[PDB]
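Observations on the three-dimensional arrangement
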Amino acid sequence: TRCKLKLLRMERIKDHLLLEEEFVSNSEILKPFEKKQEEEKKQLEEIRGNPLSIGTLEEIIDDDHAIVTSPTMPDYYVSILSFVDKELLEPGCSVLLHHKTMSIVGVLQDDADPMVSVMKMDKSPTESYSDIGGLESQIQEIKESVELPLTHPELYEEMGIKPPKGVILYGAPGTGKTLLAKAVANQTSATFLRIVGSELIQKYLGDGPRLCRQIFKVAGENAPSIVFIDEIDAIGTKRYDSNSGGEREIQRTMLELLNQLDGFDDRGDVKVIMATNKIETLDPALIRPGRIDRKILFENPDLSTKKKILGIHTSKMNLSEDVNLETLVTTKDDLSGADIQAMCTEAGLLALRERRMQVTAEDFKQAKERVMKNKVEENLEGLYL
Amino acid sequence: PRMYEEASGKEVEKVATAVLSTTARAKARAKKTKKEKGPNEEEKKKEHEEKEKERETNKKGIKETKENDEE
Amino acid sequence: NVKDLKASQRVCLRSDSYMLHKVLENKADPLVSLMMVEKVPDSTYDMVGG
Amino acid sequence: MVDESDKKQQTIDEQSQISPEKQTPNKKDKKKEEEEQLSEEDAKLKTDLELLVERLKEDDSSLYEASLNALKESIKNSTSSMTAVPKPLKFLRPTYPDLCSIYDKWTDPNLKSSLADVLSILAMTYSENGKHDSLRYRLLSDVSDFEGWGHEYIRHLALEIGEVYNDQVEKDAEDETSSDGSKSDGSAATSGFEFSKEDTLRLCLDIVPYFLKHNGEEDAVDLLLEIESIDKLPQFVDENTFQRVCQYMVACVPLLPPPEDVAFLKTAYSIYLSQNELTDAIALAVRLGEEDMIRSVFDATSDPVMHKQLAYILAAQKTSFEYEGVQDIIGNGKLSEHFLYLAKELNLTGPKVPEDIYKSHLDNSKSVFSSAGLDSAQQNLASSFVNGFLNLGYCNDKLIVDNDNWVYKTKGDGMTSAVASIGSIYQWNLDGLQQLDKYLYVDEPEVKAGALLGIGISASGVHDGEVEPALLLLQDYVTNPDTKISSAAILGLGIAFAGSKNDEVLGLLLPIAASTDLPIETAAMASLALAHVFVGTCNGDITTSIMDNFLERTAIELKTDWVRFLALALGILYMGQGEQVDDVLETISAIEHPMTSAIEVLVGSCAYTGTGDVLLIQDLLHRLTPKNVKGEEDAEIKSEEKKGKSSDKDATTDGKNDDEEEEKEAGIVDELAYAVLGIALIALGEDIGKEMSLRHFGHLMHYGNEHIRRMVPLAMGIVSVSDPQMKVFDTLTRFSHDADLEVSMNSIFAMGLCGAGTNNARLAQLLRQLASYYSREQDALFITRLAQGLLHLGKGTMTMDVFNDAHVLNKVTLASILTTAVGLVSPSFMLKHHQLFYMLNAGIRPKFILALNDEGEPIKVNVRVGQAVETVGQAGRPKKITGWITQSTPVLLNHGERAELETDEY
Amino acid sequence: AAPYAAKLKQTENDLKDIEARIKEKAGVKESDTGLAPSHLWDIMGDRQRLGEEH
Ligand SMILES: Nc1ncnc2c1ncn2[C@@H]1O[C@H](COP(=O)(O)OP(=O)(O)OP(=O)(O)O)[C@@H](O)[C@H]1O
Ligand SMILES: [Mg+2]
């Protein structure tokens, strides 16, 4: 009771003050200036018409022009002029054009696009510094590769080695490979990119290779970063369709991904994470070792590892005096970490079933037998016996 | 002719919103603030005298002025 | 205002300048129109007893 | 479910869910029919109890509500509570859940309000007997298994919290209040509370903090002692008990404001003193500010023992931990008298033993020489300071100094700072004095003056055990009539003695600070030194220090620059207190001058601390005031106006800094948000205001010692290439110094880039160069903190020379000050009885997981680290002692303390 | 249920306050694109934009 009040003491006053502070300041900003900056703004608005057609800058020719490719079907030789500089632009950046006669009138985007919006996230990570136990060892391998160059680059220099680039998490479902990456990201306090690899692909053609570029482009602006491209399996060796409407799309999109990962330089400052079911849903060579270090094979919790996962859950639920910690383990045979969480959800539903406010002995025992029954084989001991 | 200046009423309006909002925001912390406070006032003074504090001041209720003119 | 328009707000526009009208909370997609086709859920557990 | 009669016992329960027989009907009819049938009712009480229990397992509210509804009527309608006194009184046992069934089980507003008052009354009256306490208790420990019992006993306890609070507000007190009709006094509710307290600490924790704080009395706290001292060995171990006591103390820092806190820390001390961690006793004794309390823990271990034993050794260690050196004074002397061991003890108490252990770290680390040794113009001046700045702490750079060429080639006020930088090479080491003595007895007075500052810096390494007092040497110089020499002498003397108000030191600085009639811009150091000295114990808020700033204004008010530096010195004096600092705001405000008003707004930041959430709304009222006043009006002097404005800006930030360390520790993260958007507002708002705020950011983060040091330096830095005052870069680096090449990796390049890339003035430049070299330490040799370390609720004491320079436009004069940056965290290595000079293992966790403590306790598992390293500042700011897995046991707790450990291996 | 119940609603209001705080913040961003060396580019800028030449 006393400490949840202390969270309230810290959060209510500081946070409530912060809203109020923003709200007055929006007025207050205006008042210091009354000419010069106001004037320049005023003529920016006369110059720039309403609406503005979006552009994408392909390239700058150094003579006060450029070439843009726009969602308007023909391309344009546009000029660079009015409240924009030649060096305020870089190629491949998104520009704002004048409706009447296309001209770069400045930038207020700088790689602002919807695919950027999905990718950047302001969400809170689900796990923070391995909240849920088990897989102690595997995290002390992600950390060596990913977290460790960011935190201390010096140690690699004494060693005289180049620092790693990226990790590949793979193997079993229900082992929380996608959640360890979230843990590592919160530990450092890095920039995290939840983009999903499957969100670049659509029926419509020719859109995809833009999207692959934009990932590497944004990641480098906000570096240091951790990039997670989750579920790069779907864009693997496989094909969209066996008829039509996708013969090209997977082929261009994957190839284009390998290229801009290597083309950065061999960096140890923008890490990638590829989350994949297996290497049998991807191409047999990726990009392909010395360059992609390290590879982490997830396999099923062992008796030690699954104990650890379980102890977390059971303590957050009523009672444990009824059926010993050991007696849960003993009854269970080795399975993924989802099966361990599943037994506890079912146990809780069973306490509801009885209409108890205690997880009784009976509830534990049934919940254990249920999961084992899904998920079953018996010809391991049938070949034998 | 009417009043054709209201520029300085913006300044009134801005600082009215500042002080009132913090006041509201503070209420949680404000509870314990009163316990701390009352003793130091006993030690020193209320605001200029050690008398007219044998109750809250000397009246539970309050003085309000209300004008019911309508002409 | 730009304090009255929010991120991910659907809006109406003209077509001769694309000048805004007003805010809309009805978001129109084929999946949302699929709910219009389906209509209301029906029936009761004792109709499907046993 | 429904009516099913009396066939077996199961079915009696199902019948009374609809309409009882032996409960509501029977008793009610009996009591209003005859008044001799009350003896039959008495037996029928037991029968009711078991049926109540049986039907306290049904989750639906309606079929217990309606059933016993009419019992609620009966309280006052038939029983009437006075027909035969004990008998009606004791039949209010079924009636108390019945009230709660409408209260909590049923959520209907009208009824919830009305029956709250009644429940309080009937509780109180029936606790006289004590069977109402026992009624609460069968629900506290349960007799049923369902949802119902899990809320009802909790509802009782809130009833109590409501009434007690209402007596505070109400000026009638007792039951002459109209809140409930009830009192928190007498013999009827007091005894209810007494019983209540006993049980709930033992088993729960729920009503326990609300009683304590509401009373506001150290008595209530002394009841808490009695219950806890029982619990410490047979019901949970020793270790678990240590965690309880400090959870209570760290948690309630922003739940006990100053006057409130002082009566409480007294009880907390006693708890610790009884207990086996005397380390906790002493740690807590610093809080109180009481010398007396520190002295008591030492006398308790020393005097009733006639042997070295554990006792003498532990005493040295506890006192050693503060780098205040206040504890150093107390602790040495008694050792001299007793005559155990002189050689182990005096050194271990004093800062002498931290020198040996640094040697082993240094040996590994080598000495990196990347400094420039440029000559001509300002480049001469830049390079000679950077050399000191790159070998801070005990490091070797000796051979370079021994070539006295580049040293002597400086001139002016630079010359003075060049002799000074040399001393910081051998900072916190006995030696240092050798390099300095040579310069001090030859050439211009400038070089003599600079020597004195260095002797001061080196002398932080030995100034206790009654051995090598700075006073003996530095006195002769104060005596000398020249201004440069005398100022230097008394500044350096403050640094060496640190937080000690040793008599000789103090008493030299007492006649002076009272002639500042003479206009000397380099006479700051008179009050600046006394401020450094004061902090470490409860502040005097001495009247000499307040007087002389006003004398300065009488003589001269043409040179503002001096009077701005003085004003800061007074507020820094007053840190480590808050109770007493309320009085002095009034002393300054007595005199009215526009100049004096400048003084008031600074010192206000120090006065209102520890209820600093009020301080925040005030430092915002500050922002608004220039503009608001201007609005109304629309529809010699120069010095006074400029001091006016600037002080305000300075205060706004100072205000924040003081607040964030002492109350919150977790909350610092949020407060950092408060600062960045605050800083933007001032930087945009006034131009003149923007200069103060640029430097202030670097020291804001350092005072709070942030948990996230990744984002904030680096963002400000890019922006500040455009922004003027390149001193901006120096202040970010003083924070970034931290844990090297985590915070510092981006930083060294960024700061080197701006200076090297473009030279737009040799003036702007000099700062740009100084910054890069300044951050670095060779191999993570020491860290820096603007904190005690012992407590992270505390504050610095040797770091205040650092802290001072952020209100100041850049200058040669300023350089002189900056050579000092004493207050370095000693590495928290493991010691034996015959001395060990390295660690074994530690747990690190980058951010602690606990929210019962926020001092720096993480879990037992941590992430395992090796030996031979300084205390990490990012990725291992809290540090825990790892022992549960290694079958080996530490004696001395560590929670990101400065404190060295000691372990017993079996 | 008073220890957690009351404190649950208090938790909730803070989060909602934080969501609202972010929509106040993002409706105003950093001013504008105006730069003194490209204010001189404006002299030529009016003529070419209105002309038929790009
Ligand atoms: N080391 C660990 N970190 C995180 N959770 C873990 C860990 N070990 C086991 N778990 C358990 O595994 C559970 C399942 O995780 P989750 O279902 O997200 O799996 P995944 O391997 O990322 O899957 P998918 O193939 O479905 O994308 C967690 O909820 C948790 O109970
Ligand atoms: Mg996954």
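Rules behind the numbers
- Residues numbered from 1 in each chain as written, not as in the entry; some residues may be left out.
- Chains lettered and ligands numbered in written order.
- Part of a larger assembly, values for the part shown.
- Heavy atoms only, no water.
- Helix = DSSP H or I, 4+ residues; strand = E, 2+ residues; numbered from the N terminus.
- Buried < 20%, exposed > 50% of the residue type's maximum accessible area, 1.4 Å probe, protein only.
- Areas by Shrake-Rupley, 256 points an atom, 1.4 Å probe, with all protein chains shown as cover.
- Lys, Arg positive; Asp, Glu negative; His and termini not counted.
- Charge placed at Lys NZ, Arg CZ, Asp CG, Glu CD.
- Pairing = 2+ DSSP bridges.
- Axes fitted to C-alpha atoms, helices over the stretch in contact; angles between N-to-C directions.
- Contact = heavy atoms within 4.5 Å.
- Buried area = accessible area lost by both parts, 1.4 Å probe.
- Polar contact = N/O pair within 3.5 Å; in protein donor to acceptor, adjacent residues only side chain to side chain.
- Nonpolar A, V, L, I, M, F, W, Y, C, P; charged D, E, K, R; others polar.
- Near = heavy atom within 4 Å.
- Salt bridge = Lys/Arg side-chain N within 4 Å of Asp/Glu carboxyl O.

- For this entry, the PDB record names cryo-EM as the structure determination method and reports a resolution of 6.1 Å.

- The name that the PDB entry assigns to chain C is 26S proteasome regulatory subunit 8 homolog, with the source organism given as Saccharomyces cerevisiae.
- Anyone opening this PDB entry will find it titled "26S proteasome, s6 state".

- If you check the PDB entry, chain B appears there as 26S proteasome regulatory subunit RPN2 from Saccharomyces cerevisiae.

1. Observations concerning the overall build of chain C
- Assigned secondary structure in chain C consists of one helix and two strands.
- Going from the N terminus to the C terminus, chain C shows its helices and strands as β-β-α.
- With respect to the three principal axes, the spread of C-alpha positions in chain C is 60 × 25 × 15 Å.
- Scored against the burial criterion, the 50 residues of chain C give a buried share of 0%.
- Accessible surface computed for chain C: about 5000 Å², of which carbon and sulfur atoms make up 60%.
- A gap of 13 Å separates the mean positions of the 7 positive and 7 negative side-chain charges of chain C.

2. As for the sheet that holds strand β3 (residues 76-79) of chain A
Residue and element names in this part refer to chain A.
- Here five strands make up an open sheet; going across it, the order is β3-β2-β1-β4-β5 and the pairing antiparallel. The sheet is open, and its two borders are formed by β3 and β5 (104-106), each paired with just one other strand. Strand-to-strand twist in this sheet, taken as the mean axis angle between neighbours without regard to direction, amounts to 55°.
- The pairing of strand β2 (residues 65-69) with β3 spans four bridges and is antiparallel. Each bridged residue has a counterpart across the sheet, and for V68 the counterpart in β3 is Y76.

3. Let's talk about the interface of chain D and chain E
- Between chain D and chain E, the contact holds six residues from the first and five residues from the second.
- Each partner contributes to the roughly 430 Å² buried at the junction of chain D and chain E, and carbon and sulfur atoms together form 67% of this total.
- Taken together, chain D and chain E are joined by zero residue pairs in polar contact.
- Per-element tally for the side of chain D that touches chain E: the top contributor is helix α10 (residues 149-169) of chain D, with three residues.
- The class makeup of the residues in the side of chain D that touches chain E is three nonpolar, one polar and two charged.

4. Notes on the environment of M711(D)
- Locating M711(D) in the fold gives a position in the loop between α40 (687-704) and α41 (712-722).
- Along the chain, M711(D) and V743(D) lie 32 residues apart, while their C-alpha atoms are 8.7 Å from each other.

5. Concerning the site of ligand 1
All names here are of chain A.
- Among the 19 residues in the neighbourhood of ligand 1, the closest are listed as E127, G134, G176, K177 and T178.
- Within the side chain of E127, a nitrogen or oxygen atom sits 3.3 Å from a nitrogen atom of ligand 1.
- Interatomic distance of 2.9 Å between a side-chain N/O atom of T178 and an oxygen atom of ligand 1.
- In the complex, the protein chains occlude 78% of the 680 Å² of accessible area that ligand 1 would expose alone.
- Mapped by element, the contributors of at least two residues to the shell around ligand 1 are α7 (177-188), α10 (303-315) and α12 (338-354).
- No other element matches the four residues that α7 contributes to the shell around ligand 1.
- Residues belonging to the shell around ligand 1 are distributed by class as follows: eight nonpolar, nine polar and two charged.

6. A word on the side chain of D854(D)
- Note that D854(D) resides in the loop between β2 (842-844) and β3 (863-865).
- A relative accessible area of 9% places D854(D) in the buried class.
- A polar atom in the side chain of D854(D) sits 3.4 Å from the side chain of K6(A).

7. A few points about the arrangement of the chains
- The structure contains eight pairs of chains in contact, of which chains A and D account for the largest number of contacts.
- The closest approach of any C-alpha atom in chain B to one in chain C is 17 Å; the two make no contact.
- The least C-alpha distance between chain C and chain D, which are not in contact, is 19 Å.

8. Looking at the pairing of strand β1 (residues 10-13) of chain C
- Where β1(C) lies against strand β2 (residues 20-24) of chain C, three bridges are found, and the strand directions are antiparallel. In the sheet register, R10(C) faces β2(C), and the bridge partner there is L24(C).

9. Some remarks on the side chain of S320(D)
- Within the secondary structure layout, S320(D) lies in helix α18 (residues 311-320).
- Excluding residues that lie within four positions of it along the chain, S320(D) makes contacts with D328(D), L348(D), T349(D), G350(D) and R898(D).

10. A closer look at the pattern of salt bridges
- Considering all chains together, one arrives at 44 salt bridges over all chains under this definition.
- The partner of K165(A) in a salt bridge is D266(A), and the shortest N-O contact between them spans 3.8 Å. Here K165(A), found in the loop between α6 (154-159) and β6 (167-171), pairs with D266(A), found in the loop between α9 (249-262) and β9 (270-276); they are 101 residues apart in sequence, far enough to count as distant.
- You can call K165(A) buried: its relative accessible area is 3%.
- Between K438(D) and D404(D) there is a salt bridge, and its shortest N-O distance comes to 3.5 Å. Pair noted here: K438(D) is in helix α27 (residues 433-440) and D404(D) is in the loop between α24 (398-401) and α25 (405-408), with a separation of 34 residues, a long-range link.
- Looking at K438(D), the relative accessible area reads 37%, which means it is partly exposed.
- The structure contains a network of salt bridges with shared partners spanning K162(A), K165(A), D266(A) and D293(A).

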